[PDB]
Each structure stands twice: as structure tokens, then as C-alpha cells.
Amino acid sequence: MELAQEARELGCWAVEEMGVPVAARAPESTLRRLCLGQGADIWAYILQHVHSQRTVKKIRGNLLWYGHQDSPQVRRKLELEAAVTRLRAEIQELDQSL
Amino acid sequence: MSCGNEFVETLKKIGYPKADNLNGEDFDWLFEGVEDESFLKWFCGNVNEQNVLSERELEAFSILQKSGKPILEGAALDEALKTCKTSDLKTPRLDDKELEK
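- Method-wise, the PDB entry is recorded as coming from cryo-EM, at a reported resolution of 8.0 Å.

1. Focus: a nonpolar patch on the surface
Reasoning step 1: The grouping of A:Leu3, A:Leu36 and B:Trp29 at the surface amounts to a nonpolar patch, some 260 Å² of accessible area in total.
Reasoning step 2: Mapping A:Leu36 onto the fold places it in the loop between helix 2 (28-35) and helix 3 (39-49).
Reasoning step 3: Taking relative accessible area as the criterion, A:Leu36 reaches 39% and is therefore assigned partly exposed.

2. Examining the layout of surface pockets
Rolling a probe over the atoms, with the probe sized like a water molecule, indicates the empty space that remains.
Reasoning step 1: Considering only enclosed or pocket space, the largest pocket measures out at about 210 Å³ in volume.
Reasoning step 2: A:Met18, B:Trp42, B:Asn46, B:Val47 and B:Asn51 are, among the 14 residues lining the largest pocket, the residues nearest its centre.
Reasoning step 3: In terms of residue count, helix 2 (residues 34-46) of chain B provides more of the lining of the largest pocket than any other element does, 4 residues in total.
Reasoning step 4: Of the residues assigned to the lining of the largest pocket, the class counts are 7 nonpolar, 7 polar and no charged.

3. Side note on the packing of helix 4 (residues 53-69) of chain A against helix 4 (residues 75-86) of chain B
Two numbers describe a pair of packed helices, the interaxial angle and the distance between the axes.
Reasoning step 1: Two numbers describe how helix 4 of chain A lies on helix 4 of chain B: the axes approach to 9 Å, and their chain directions differ by 60°. In terms of orientation, helix 4 of chain A and helix 4 of chain B fall into the oblique class. Classified by chirality, the crossing of helix 4 of chain B by helix 4 of chain A is left-handed. Residues A:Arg54, A:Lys57, A:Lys58, A:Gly61, A:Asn62, A:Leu64 and A:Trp65 of helix 4 of chain A pack against B:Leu77, B:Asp78, B:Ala80, B:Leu81, B:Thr83 and B:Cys84 of helix 4 of chain B.
Reasoning step 2: Counted by class, the contact of helix 4 of chain A with helix 4 of chain B contains 6 nonpolar, 3 polar and 4 charged residues.

4. Examining the interface of chain B and chain A
Reasoning step 1: Taken together, the contact pairs 43 residues of chain B with 43 residues of chain A.
Reasoning step 2: In total, about 4000 Å² of surface goes out of reach between chain B and chain A, with carbon and sulfur atoms giving 69% of it.
Reasoning step 3: A per-residue breakdown of the area chain B buries against chain A is headed by B:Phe39, B:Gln50 and B:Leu53, which together make up 16% of the total.
Reasoning step 4: Counting across the interface, chain B meets chain A through 4 salt bridges.
Reasoning step 5: Note that A:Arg33 is salt-bridged to B:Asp36, the shortest N-O span being 2.6 Å.
Reasoning step 6: The interface formed by chain B and chain A contains 10 residue pairs in polar contact.
Reasoning step 7: Broken down by element, the residue count for the side of chain B that touches chain A peaks at 7 residues, all from helix 2 of chain B.
Reasoning step 8: Split by residue class, the side of chain B that touches chain A holds 29 nonpolar, 5 polar and 9 charged.

Reading guide: rules and limits
- Residues numbered from 1 in each chain as written, not as in the entry; some residues may be left out.
- Chains lettered and ligands numbered in written order.
- Part of a larger assembly, values for the part shown.
- Heavy atoms only, no water.
- Patch = residues over 30% accessible without salt bridge, like charges linked within 9 Å, V, L, I, M, F, W, Y side chains within 5 Å.
- Areas by Shrake-Rupley, 256 points an atom, 1.4 Å probe, with all protein chains shown as cover.
- Salt bridge = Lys/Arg side-chain N within 4 Å of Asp/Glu carboxyl O.
- Helix = DSSP H or I, 4+ residues; strand = E, 2+ residues; numbered from the N terminus.
- Buried < 20%, exposed > 50% of the residue type's maximum accessible area, 1.4 Å probe, protein only.
- 1 Å grid on protein atoms, 1.4 Å probe; cavity = no way out; pocket = protein on both sides within 12 Å on 5 of 7 lines; lining within 4 Å.
- Points joined across faces, edges and corners; volume = space filled by probe spheres on them.
- Nonpolar A, V, L, I, M, F, W, Y, C, P; charged D, E, K, R; others polar.
- Axes fitted to C-alpha atoms, helices over the stretch in contact; angles between N-to-C directions.
- Parallel < 35°, antiparallel > 145°, perpendicular 65-115°, else oblique.
- Left-handed = near helix turned anticlockwise from the far one by under 90°.
- Contact = heavy atoms within 4.5 Å.
- Buried area = accessible area lost by both parts, 1.4 Å probe.
- Polar contact = N/O pair within 3.5 Å; in protein donor to acceptor, adjacent residues only side chain to side chain.

Here it is as C-alpha cells:
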């Protein structure tokens, strides 16, 4: 069952992700012949570690921007600024009560 | 001509751990078909190492997808990349003395 499923997943991954042309597309018998034997696992690598250029740039930009944003140094700077905001707000409220 | 050598080089570009132990002549049965070759030539000549992500990047993006945060695609991706590349120069951020102030 893994042979035909991996063949169809490989065909869909070639068509949808890499944008492989129809004349360069692997047919179903081609995918079955490639995936038999040692080809069942290595293309199983390609469907989970190899993407299109746009997808790789997407993932790399997403991580390299969010991890920059989700750094604990950015968080501690933001909470210190919020602490300054809370502190002069406390100044205003305490002076109003005074 | 051993057409499997380009396949071995391509599978080395994708960072396969067992690609060093694979021989080009052992996969020459893959390249003997014309309908095989129609995909094999394009995979050899149009896929590089830039199309491949590391395991750390893949698991980090998996945790990011599990976090429910929006994914930077298209315009947001280009904006984030442009900001990071412009910040690749001399930037005065992350100062600990202004933190102490």
C-alpha cells in the first residue's frame, strides 16, 4: 500500500509544489517503477525535506522574523517599556489622589 | 555516459544522510526509461540546495504552525525579508546600556 501511496504523493508533490511541467511530469507507472526497491524511502525524504524555492523562502523568512520578534530580549525590553508606562500612570493616579 | 552521477549530486544537494553510500551505477535502472527521464532530467537540472530546508527549520516551522500564528506568505514575507536584509547592516539595537537606563 505504501508503494502506490508514495507514488501518488510523489506525483502530487511534483505537480503542486515544484511546478513540474506536464511534459516533464512523471506518470503513475513511472512513479511506481521509481519507488520500488530503494526508491520507497529516499523520495519519502524528498516529500518531507525538499520543497519549492518559494516555500523555503517562506519558512526561512517566517522563522528568521518571528524568532527575532519572539526573542526574550525583545520581550524584556517591551515589558520594561510597559513598566515605565504603568509607573507614570501610577504617578498620575497617586498624584490625583494626593 | 553515467546519467546517475547527476542524480547522486542532486541527492547530495538535498542533504540526504545516506547519499554518500549510494552509487550512480546502482540507480542507472531509474534513468533507463524515457518517461522516467522526463522527470529525472528536470529534477537533476532544476533542483539545488536552496530548495531544501534543514531539520531544525522544519521542526521550528512545525511548532510555529502548531502555535496558530499567521504565516508570512507573499507580501508579508517580502516585507519581513526586506526589513531583515536592511537590518543586516550596522544596527544599534539590542543595547544593554539603554536597558540599564
